[PDB]
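In the form deposited in one PDB entry, a lone chain appears below as structure tokens.
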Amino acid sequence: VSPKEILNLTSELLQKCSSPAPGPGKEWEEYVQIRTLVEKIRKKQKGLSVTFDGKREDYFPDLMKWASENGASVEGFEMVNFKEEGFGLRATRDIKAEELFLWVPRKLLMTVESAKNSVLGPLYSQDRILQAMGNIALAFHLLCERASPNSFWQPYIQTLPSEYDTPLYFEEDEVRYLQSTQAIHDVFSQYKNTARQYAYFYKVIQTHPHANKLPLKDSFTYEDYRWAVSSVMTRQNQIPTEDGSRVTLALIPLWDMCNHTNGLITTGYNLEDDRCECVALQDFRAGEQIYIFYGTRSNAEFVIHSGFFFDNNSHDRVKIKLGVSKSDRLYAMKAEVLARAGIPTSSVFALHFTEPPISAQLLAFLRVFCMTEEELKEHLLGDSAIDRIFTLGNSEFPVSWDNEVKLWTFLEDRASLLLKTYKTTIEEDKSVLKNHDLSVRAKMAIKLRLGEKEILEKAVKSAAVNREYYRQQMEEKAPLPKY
């Protein structure tokens, strides 16, 4: 287990992960190639460089005491290992909705600025990737403090999980379920980026003199980096700075033990007291788990970045890339109409599962995408031109009945085309989830690919319904609603 062999592997790994994209048709092979190199490095290393003797629950009392000494709320809840979500907070008393039950002063947080003033400071001021990417800076901040026995944040670090359910921890066959989906490319990117980052910083630590005082200089395993970046991506937060002029990334102890449920964001930052504050999202009776609303993220973002799949996600969505073709003879006019509306000529839009299926920006694009030349002129010339552009994102004011029929006909055909690019059908995915016994990580992948097709299927039906509604208004010569 010579260090020179590991240096040769990280050098091979860095160059492999620094190569350009091999084309979307060879991304799976590249992924497997990178996996093989990573697993060979991981098999030659000793896992996490720092492990703690006690189990996770043994260190929660020290977290409460540590957080109490620095002004945080520690009464009214307890840590419980729930089966569905893992460890979380459970109310020991009745908590009414909108009650301020949880607050964490800034002194407890781990932030980019706390990383600047730590042992990582010297290396931070020289490496561009650390300066430009605060999430990576927080990840190394967490690693350096983890390997420091007398760190101020040890009570928080000793309570963190030792493993996560991000795709970085998935088996090869669990990721294979995602083949031919939209989400698997982000899984590829996450894995390639993490592998490139580890090898890059492994060599940076070994060559920069201002990293010699780091504990990572003596031990920095791939397991360390995967755990660190998984800790940050599943728990990081955006808070304002002390003066309130700039925003920064932060890890918020104690409060980040809350699991996710549907609702509204009830967590903010109070600058007057300089502390994170969280009011109860709903009534929490004693003995009930305390939840918060993480945000309006899709199940793909929850799986890839948060490490879980949320059933009945009201904000689920899929991507759909659309653009005006340069072969279109009306390209110049369409591009100008889109530019005056603040919409690019080509972009990635979203199809939502909750009505409406498309946003105002996507509706405005599809209207211009299907405009005739004479309709485009009325959006470019005259005293009413800007007024017409102002209503492009409004469903109540169409350009014309024919324009609506054409844009909903296109969306139905495109959504039907996207469904035909998946390896399996919706009925096949449901059969797998029903007849096979799967792991949590495998279920996440299969539910993820199922959710994509179900959003596309609902977009197909909603577009067909809208097509028939506006065709009725056109066959009956309905008066066009004016604003």
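What we label the rigid core is the largest C-alpha set whose atoms superpose within 1.5 Å from one form to the other. Sequential numbering from 1, following the sequence displayed.
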message: Among other entries of this protein with both neighbours modelled, does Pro24 go without coordinates in a third or more of them?
response: yes
statement: Once average C-alpha B-factors are taken from the entry for 142-150 and 370-378, the winner is 142-150
query: Comparing 280-288 with 234-242, which stretch shows the greater average C-alpha B-factor in the deposited entry?
result: 234-242
message: Using only the C-alpha B-factors in the record, can you name which of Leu254, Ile129, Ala199, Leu109 has the highest?
response: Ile129
query: When you compare the CA B-factors of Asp224, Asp328, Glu172, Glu404 as listed in the entry, which one comes out on top?
result: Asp328
message: Split into thirds by Cα B-factor across the chain's modelled residues, where does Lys43 land: lowest, middle or highest?
response: middle
task: Check where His315 lands among this chain's C-alpha B-factors and tell me if it's the lowest, middle or highest third.
output: middle
message: Among the modelled residues of this chain, does the Cα B factor of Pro398 put it in the lowest, middle or highest third?
response: middle
query: Mind checking which third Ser416 falls in for C-alpha B-factor across the chain?
result: middle
- request: Please rank the C-alpha B-factors of the chain's modelled residues and tell me whether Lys447 sits in the lowest, middle or highest third.
  value: lowest
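Unshown form deposited in another entry; subsequent notes refer to it.
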message: Shifts of 2 Å or more at the CA atom, core superposed, between the shown form and the other one: which of the listed residues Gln238, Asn81, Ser384, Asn117 is the one?
response: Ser384
- prompt: Is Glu374 among the residues whose Cα moves by 2 Å or more between the shown form and the other one after superposition of the rigid core?
  reply: yes
